Amino acid sequence: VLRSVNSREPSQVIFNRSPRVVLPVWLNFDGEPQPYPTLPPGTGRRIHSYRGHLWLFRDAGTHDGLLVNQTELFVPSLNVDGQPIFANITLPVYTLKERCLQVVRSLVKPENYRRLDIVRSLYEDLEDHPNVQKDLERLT
Amino acid sequence: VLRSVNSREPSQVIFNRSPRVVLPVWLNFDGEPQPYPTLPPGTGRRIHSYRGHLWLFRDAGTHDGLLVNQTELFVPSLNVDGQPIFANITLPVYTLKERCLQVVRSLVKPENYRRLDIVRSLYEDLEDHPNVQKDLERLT
Amino acid sequence: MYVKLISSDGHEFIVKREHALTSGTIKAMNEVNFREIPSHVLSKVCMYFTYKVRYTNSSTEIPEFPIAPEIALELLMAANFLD
Amino acid sequence: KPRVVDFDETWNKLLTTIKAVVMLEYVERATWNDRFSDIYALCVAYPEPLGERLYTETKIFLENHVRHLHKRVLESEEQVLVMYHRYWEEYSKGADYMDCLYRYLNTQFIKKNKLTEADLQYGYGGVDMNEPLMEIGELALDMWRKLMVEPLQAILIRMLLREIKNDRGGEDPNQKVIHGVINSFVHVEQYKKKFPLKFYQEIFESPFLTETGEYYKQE
Amino acid sequence: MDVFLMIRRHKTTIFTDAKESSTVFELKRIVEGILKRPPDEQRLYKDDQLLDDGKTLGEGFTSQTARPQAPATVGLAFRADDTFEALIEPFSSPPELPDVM
Amino acid sequence: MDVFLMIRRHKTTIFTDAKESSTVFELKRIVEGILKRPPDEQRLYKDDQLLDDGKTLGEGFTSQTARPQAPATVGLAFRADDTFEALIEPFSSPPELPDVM
């Protein structure tokens, strides 16, 4: 369902205002995800894309969600006056719980998650990482 | 010196035949290296480039040199009968010295190199973490 | 307007009522005592409220919420406690 | 530092506040300072949450609170309109204050451990020990439905239908009681996302349209 | 510009935001609203430095030093009758990191 | 297909490649050319299994089991009259891994 419109009309974009290594992902013409080159904290890239193409942004290491233009998804519009579209990528409001969980997933190896001194559900919250595919069902 | 020619004439290419995660690099119009999306072991991509653009390939973890069609560098050509040009990316036949250095370089944390039971020049050998700019200088 | 939050070590934190109400748990629980939350965690919980308030939908680029590792675990408890 | 508190302090204080629950002075000030300081200490008590023990005795208390209220209405079937409804209010205002207070247990213990109602109906489990591990307010209302509304429904409906039929006849029945009883049929399923009004429509609206037709047909 | 603070006095701490342009005395009114102690009965300090009532918080509490996520300390000492108590029970220390961290 | 071998006998080892389709006897000719012992006076083993002269190396030396970088062992036992001596002094073991490895 979430598969890029094959318009073939170019649109240039300027892409990172977050303490993350952003991974840009494009959703292809058939709906399959394709990862593009990563952007370190504070970096800019001018890039070429196309009108009605579906982009989303994640953290490259941990797969976490990142916002673009204060929203969850980005689509190139028209390059009016030939000007490239801006894609200002930033952190979402993460919960205090998750801001803490990020930290736990990053220090402990997955094999030792069920050894932690917590109730079952907090293991099941650890083992449900930021799975991109499940967010595509949420966006659909 | 070594830089892509701004021909603006398109070319389609097929990009791995190794047990490594390949990192393609494009040498821009100014000669500066721009990294592109990796290819894991045995994977393919059909990609769009341009005639007289300069490509090379490294490893995604160690920055090791890799070959494309037995050559160190690749340049796209005109697509005869509309068929995509094949870039078969492989390992070189390294020196046995360089092969031993790889294994040591990737396991041991650099601070401990000067701590090893080896002759002093081997530290100097190990401390070339295969520099791409030095290899641009080498090819110039 | 304010409310009082008292750590396990008796430190009393007085915060903007609104900042406190940020927590689903505090909303649940105006002088709350936290026999299980020592003043280093509580002060950072208060920093998080102050942070969330100041940086939630702010024009200035959002800096990462720094958390010290040692308190990350106790603050995780307080976060999972507070929600 | 994150620590354990025994259920006896937390729970019996809770129980007292869940009984006192008809009012929120104890929520706004006392639950902020006193009540929650006890139960929060325990709910996700650092080494192990006594949130399970607390939920269990809280449920048994709510069942006993609702059964005490139910007894008072079962023999007082005329009072089913006044009392099953007003008791629904004392106890549901309670479910709300319980849930202000309990938003910690509710979030930190209950929801983290909370198996979906579909998981419990198609054969799975670890929450419905004695009622599903629902928020205390949802648990309270589920218990109110199961123990007050469902057993008293035939009397509640019959009385409301007679009182309204008498209103159509020109009598002035207790309007506030009638409206409150009717609203209780709505709130007792407010937690069900698929159909928050089904119970009210099947149990009260269908019988009500039927008696109203017979009244205007005669008029 | 908002300045984020911890107004600390013995076992007291006040987490609140105030403007960079606001005064020490206005902060004492905020503290009054909090601890039910009038400003004359308060001595505020920027961290541990005694601040005069007419000074702005900017005069070192800046939005980037008194930050939301890393507030500056505003010492508070209450006045027991004629004089101010000695200026902060520090916050308690956290426990040691488990081996796995 | 090339099959890479280590024709090993007691402390001796011969590194050579032969075709998957080549015979045990042809390998014994390679060994004869090297160790100056005639083939009938050689018992070749695929690793430790006794091989018959007419068998192809494929019949377990395959290019992927007898690989250049991980050759198969071809045991060799020399002839003691009518009989073969007992079949390979193994190669020495490596030292323990340094802690940094």
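Looking at the entry header, you'll see cryo-EM listed as the method and 6.9 Å as the resolution.

Undergrad: I'd love a proper account of the packing of aromatic side chains, names of residues and values included.
TA: Across all of its chains, the model carries 28 aromatic pairs over all chains by this definition. Pairing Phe13(C) with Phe15(E) gives two aromatic rings, centres 6.1 Å apart and planes at 40°, and the pair type is tilted. Placement of the pair is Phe13(C) in strand β2 (residues 12–16) and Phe15(E) in strand β2 (residues 12–19), with the two residues belonging to separate chains. Judged by its relative accessible area of 0%, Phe13(C) is buried. Overall, the relative accessible area of 0% leaves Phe15(E) in the buried class. Here the aromatic cluster, defined as three or more aromatic residues joined through ring pairs, consists of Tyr84(D), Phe185(D), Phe199(D), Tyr200(D), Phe204(D) and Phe208(D). Against the face of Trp32(D) rests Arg17(C), its NZ or CZ located 4.8 Å from the ring centre.

Undergrad: Account for the interface of chain C and chain E, with residues named and values stated.
TA: Counting from both sides, the interface comprises 32 residues of chain C and, opposite them, 32 residues of chain E. Carbon and sulfur atoms make up 64% of the surface buried where chain C meets chain E, a total of about 2,500 Å² over both sides. When the area that chain C buries against chain E is broken down by residue, the three leading residues are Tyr2(C), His11(C) and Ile14(C), summing to 23%. The interface formed by chain C and chain E contains three salt bridges. For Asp2(E), the salt bridge is made with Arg54(C), and the minimal N-O distance between the two is 3.9 Å. Taken together, the links from chain C to chain E amount to 17 residue pairs in polar contact. The set of elements that each furnish at least two residues to the side of chain C that touches chain E consists of β1 (2–6), β2, α3 (39–55) and α4 (69–82) of chain C. It is α3(C) that provides the largest number of residues to the side of chain C that touches chain E, a total of 10 residues.

Undergrad: If you had to explain the nonpolar core to someone new, which residues and values would you point to?
TA: Side chains that are nonpolar tend, in soluble globular proteins, to be buried together. One finds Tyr84(D), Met98(D), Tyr102(D), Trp144(D) and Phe185(D) to be the most contacted residues of the largest nonpolar core, which totals 120 residues. Looking at this core element by element, the count peaks at 17 residues for helix α6 (residues 136–168) of chain D. Ignoring any residue separated from it by four or fewer positions in sequence, one finds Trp144(D) in contact with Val66(D), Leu69(D), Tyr84(D), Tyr87(D), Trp88(D), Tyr91(D), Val149(D) and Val188(D). Core analysis: the next-biggest nonpolar cluster, separate from the first, contains 21 residues, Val31(E), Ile34(E), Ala66(E) and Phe78(E) among them.

Undergrad: Describe the interface of chain D and chain C, naming the residues involved and giving the relevant values.
TA: With 28 residues of chain D in contact, the opposing surface of chain C contributes 24 residues. Put simply, the parts of the chain that give the side of chain D that touches chain C at least two residues each are α1 (7–20), α2 (25–43) and α4 (80–113) of chain D. The element best represented in the side of chain D that touches chain C is α2(D), accounting for 12 residues. Residues belonging to the side of chain D that touches chain C are distributed by class as follows: 13 nonpolar, five polar and 10 charged.

Undergrad: Explain the sheet that holds strand β5 (residues 54–59) of chain A residue by residue, including any values.
TA: Residue and element names in this part refer to chain A. The antiparallel open sheet is built from five strands, whose spatial order is β3-β2-β5-β6-β8. Edge positions in the open sheet fall to β3 (33–35) and β8 (89–90), since each of these has one partner strand only. Where strand β2 (residues 22–27) and β3 come together, three bridges link them in antiparallel fashion. Bridged to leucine 27 within β3 is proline 33.

Undergrad: Lay out helix α1 (residues 96–107) of chain A in plain terms, naming residues and giving numbers.
TA: Residue and element names in this part refer to chain A. Helix length check: α1 (12 residues) gives 17 Å between terminal C-alpha atoms against 16 Å at 1.5 Å per residue, within 8%. Extensive coverage of α1 is indicated by the burial of 10 of its 12 residues. What α1 keeps buried is the set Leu96, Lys97, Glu98, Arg99, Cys100, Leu101, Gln102, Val103, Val104 and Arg105.

Undergrad: Which residues make up the sheet that holds strand β7 (residues 85–86) of chain A, and what values do they have?
TA: All names here are of chain A. Read across the sheet, three strands follow the order β4-β1-β7 without closing on themselves; strand pairing throughout is mixed. Here the strands that pair on one side only, and so sit at the sheet edges, are β4 (46–50) and β7. Bridging between strand β1 (residues 10–14) and β7 involves two bridges; their strand directions are parallel. Looking at β7, one finds that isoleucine 14 is bridged to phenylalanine 86.

Undergrad: Describe the side chain of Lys112(D), and please don't skip the residues or the numbers.
TA: Along the polypeptide, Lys112(D) turns up in helix α4. What makes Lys112(D) buried here is its relative accessible area of 12%. Leaving out residues up to four positions away in the same chain, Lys112(D) has contacts with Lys97(A), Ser121(A), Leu122(A), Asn80(C), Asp83(C) and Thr107(D).

Undergrad: Break down unusual backbone geometry for me, with residues and values.
TA: Its identity as a non-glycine residue notwithstanding, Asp81(E) has a phi of 60°, on the positive side. If you trace the backbone, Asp81(E) turns up in the loop between β5 (72–80) and β6 (83–84). Positive phi values are uncommon outside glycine, yet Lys36(F) reaches one of about 55°. Note on placement: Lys36(F) falls in the loop between α1 (24–35) and β3 (42–46). Residue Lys36(F) is classed as exposed on the basis of its relative accessible area, which comes to 64%.

Undergrad: Which residues make up the environment of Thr50(C), and what values go with them?
TA: Counting through the fold element by element, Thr50(C) comes out in helix α3. Overall, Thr50(C) belongs to the buried group, its relative accessible area being 1%. Sequence spacing of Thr50(C) and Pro38(C) is 12 residues, and the spatial spacing of their C-alpha atoms is 18 Å. With near-sequence residues (within four places) excluded, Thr50(C) lies in contact with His19(C), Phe4(E), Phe15(E) and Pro68(E).

Conventions used here
- Residues numbered from 1 in each chain as written, not as in the entry; some residues may be left out.
- Chains lettered and ligands numbered in written order.
- Part of a larger assembly, values for the part shown.
- Heavy atoms only, no water.
- Residues with missing side-chain atoms left out of burial classes, pairs and counts.
- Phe/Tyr/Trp six-rings, centres within 6.5 Å; stacked < 30°, edge-to-face > 60°.
- Helix = DSSP H or I, 4+ residues; strand = E, 2+ residues; numbered from the N terminus.
- Buried < 20%, exposed > 50% of the residue type's maximum accessible area, 1.4 Å probe, protein only.
- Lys NZ or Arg CZ within 6 Å of the ring centre and 35° of its normal.
- Contact = heavy atoms within 4.5 Å.
- Buried area = accessible area lost by both parts, 1.4 Å probe.
- Salt bridge = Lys/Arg side-chain N within 4 Å of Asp/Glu carboxyl O.
- Polar contact = N/O pair within 3.5 Å; in protein donor to acceptor, adjacent residues only side chain to side chain.
- Core = buried A, V, L, I, M, F, W, Y, C linked by side-chain atoms within 4.5 Å.
- Nonpolar A, V, L, I, M, F, W, Y, C, P; charged D, E, K, R; others polar.
- Pairing = 2+ DSSP bridges.
- Expected span 1.5 Å × (residues − 1).

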